[PDB]
């Protein structure tokens, strides 16, 4: 929605063909970005 | 075509023979009537049924194409992919056509001998005892009733049982008596 580019996208879709199930997990808690600010990271191009 | 029979000397098949592929028709003092030869139809079906399942089995390893996604500047291997799958799909489409075209010729000719080999079977039993009338059909010398038809039908006719009877008829429609 925000303009950009997905690097090596098709090679990903290839791997993705050979997968049946994902389990999303948390690796870098958003909460824990103490020094910097994450909450202020939005755009009209990607609205909700 | 090849073997001489179907669409040959036996001009045309019969609509009255409903129960099977090849068979007999007789005519005698007791009746007239058709009667399919099951034995040898059942053997022909065995062979066609086997042909059909022959193909089915032969194309379970046939080329399966799962797709691949391609980029904007990978255009010329996107093509290579497209040339290949279009390639194989042409090679197997050819194969599947040509095999049918070839098996159909073989199958129609398989019936063609089936019929003829039946006839020649009847012929080799009934020898001198019958006239080859030349259109698929025999008339006997000796007069042959229903129980005796069966024997020809089920290939156990007995030459040396109607011999005299028959060769008394040969003896006379040869005009050989006519000198006394």
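We did not get these values from a lab; they are worked out from the coordinates using the rules stated.
Estimated translational diffusion coefficient (Stokes-Einstein, Kirkwood radius over Cα pairs, 4 °C, 1.567 mPa s) of the protein assembly as shown: 49 µm² per second. Considering all C-alpha pairs of the range B:123-164, those separated by over 13 Å amount to 51%.
Tell me what chain B gives for mean residue ellipticity at 222 nm when only DSSP H runs of n ≥ 4 count, each as -39,500 (n - 2.57), the sum divided by the residue total, rounded to 500 deg cm²/dmol. It comes out at -17500 deg cm²/dmol, rounded to the nearest 500. Pair-distance distribution of chain A: all C-alpha pairs, bin width 10 Å, starting at 0; shares per bin in whole percent are 17, 26, 44, 13.
One equal scatterer on each Cα of the range B:76-162, no solvent, Debye formula: the resulting log10 I(q)/I(0) at q = 0.14, 0.23 Å⁻¹ is -0.65, -1.08.
Note on chain B: antiparallel DSSP beta bridges, both residues inside, total approximately 90 percent of the bridges counted.
Distance between the C-alpha centers of the range B:119-135 and the range B:45-79? Whole Å please. Answer, in whole Å: 52. Rounded to the nearest whole angstrom, the semi-axes of the ellipsoid equivalent to the range B:26-170, taken from the Cα gyration tensor as √(5λ), stand at 61, 13, 10, largest first. Rg over Rh for the range B:1-111 works out to 1.30, both radii taken from alpha-carbon positions and Rh defined as the Kirkwood radius. When chain B is treated as a Gaussian network with alpha carbon springs shorter than 10 Å, the biggest mean-square fluctuation among B:80, B:118, B:101 belongs to B:80.
Of the residues B:96, B:44, B:35, the one that moves most in a GNM of chain B with alpha-carbon contacts below 10 Å is B:96.
Count the DSSP beta bridges whose two residues both fall in the protein assembly as shown, then state the antiparallel fraction as a percent rounded to the nearest 5. Intermediate results must be reported in sequence, preceding the final value.
Numbers: 8 of 9 bridges.
Percentage antiparallel, nearest 5: 90.
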